[PDB]
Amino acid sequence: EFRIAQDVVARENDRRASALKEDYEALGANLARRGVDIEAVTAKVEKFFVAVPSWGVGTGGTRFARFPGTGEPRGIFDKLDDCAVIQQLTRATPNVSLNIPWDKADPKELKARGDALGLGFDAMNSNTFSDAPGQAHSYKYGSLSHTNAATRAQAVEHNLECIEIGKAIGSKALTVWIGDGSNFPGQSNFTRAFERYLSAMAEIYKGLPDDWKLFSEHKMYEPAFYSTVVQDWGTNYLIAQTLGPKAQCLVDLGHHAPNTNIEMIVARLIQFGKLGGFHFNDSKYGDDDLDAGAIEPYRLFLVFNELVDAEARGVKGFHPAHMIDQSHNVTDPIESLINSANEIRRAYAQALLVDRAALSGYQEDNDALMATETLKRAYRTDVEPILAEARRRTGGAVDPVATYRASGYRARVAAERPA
């Protein structure tokens, strides 16, 4: 089924077909002069997919307030319906990331709806950073690293429950992010809390299917404001290495200290085989969870430069999980997810344009200026024509947001859903 009428997509695409042809052919000629086949790039871009977060489909908020828009999804089923729109128009988000218990519902029904909408499911996300009604033990002072054994056991059981749900819908991985930490010096014994965490994660690893992966996600701060158990990639590496081959690290772009060189962290984790995946978003101050590439587009490109280089260096068995983790506080969530997915493909496309042979030469000769310019020649290239053509060829929209607005989808769901 199509959430957006096919006649609307066809109409809006035809309206922009002429200009796209001119832009695509122009870029094709430019790339040909540079020894690059535009068709080879478009072919790869069409195959790049990033999972959308169910928790980002509705309007997000802060501790100060939440300003919902119209037609807010009422639950996971409305969220899947909205996710279907993002995938139909961009063709870059076939899978959805779920969070339990936020999206708890009959697994069988979830799968049925997904299949009908043309959507799959990515990594499951457990939730032991908030309390649910009727919960025996509170996570106020922690979960997997809580001082109380019964509380840790409850958190472990919750994670195993997440795996059972995932197995029923087609998921093949579990992502574990917890708020565990301290707000005051002395509140926690750093080593003992980490020892407790490692023991708990070992239990989860024991219950992990042999065709699944277990991802741990580090974060410098928030909700903990003095110390956090899984605070950075160093601790994250120790966790993954300790647990086993099926355990890897997940890197969320906005979870690092000010000025951190994130692309180097990505490179390091790849070298030691522990880069499990990404949580894309952008930021300026803290874990802002803004639209990917809206603040620092070059940084996003540099991260993708490391991913493409890995393939170029001949790294084997490298298939990181790509996911968007954002909060949309002042825009239509669907529109932001659409453009964010587009920006991620944009950075990927540019990274594919880098002349690896030239770059390697400049690195070996220590020609820093030409090396940086080699990256810039790729990054400065406006790859929008490739992104639009990729969408057009695969059933998507040349201009996703414009088509979304022309369809009147938001007004439609606003009438179907309570205010």
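Residue indices: 1-based, along the sequence shown.
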query: Mean CA B-factor: is it higher for 366-374 or for 43-51?
result: 43-51
task: Compare the mean C-alpha B-factor of 311-319 with that of 283-291 as given in the PDB entry, and name the stretch with the higher value.
output: 311-319
- prompt: Among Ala123, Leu214, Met201, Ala168, which residue carries the highest C-alpha B-factor recorded in the PDB entry?
  reply: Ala168
- request: Using the B-factor values recorded in the entry, state whether the Cα atom of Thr394 falls in the lowest, middle or highest third among the modelled residues of its chain.
  value: highest
task: State the tercile, meaning the lowest, middle or highest third, of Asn30 with respect to the CA B-factors recorded for its chain.
output: middle
message: Considering every modelled residue of the chain and its Cα B-factor in the PDB entry, is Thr59 in the lowest, middle or highest third?
response: middle
message: Quick check for you: using the entry's CA B-factors within this chain, is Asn189 in the lowest, middle or highest third?
response: lowest
- prompt: Would the CA B-factor of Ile270 place it in the lowest, middle or highest third of its chain?
  reply: lowest
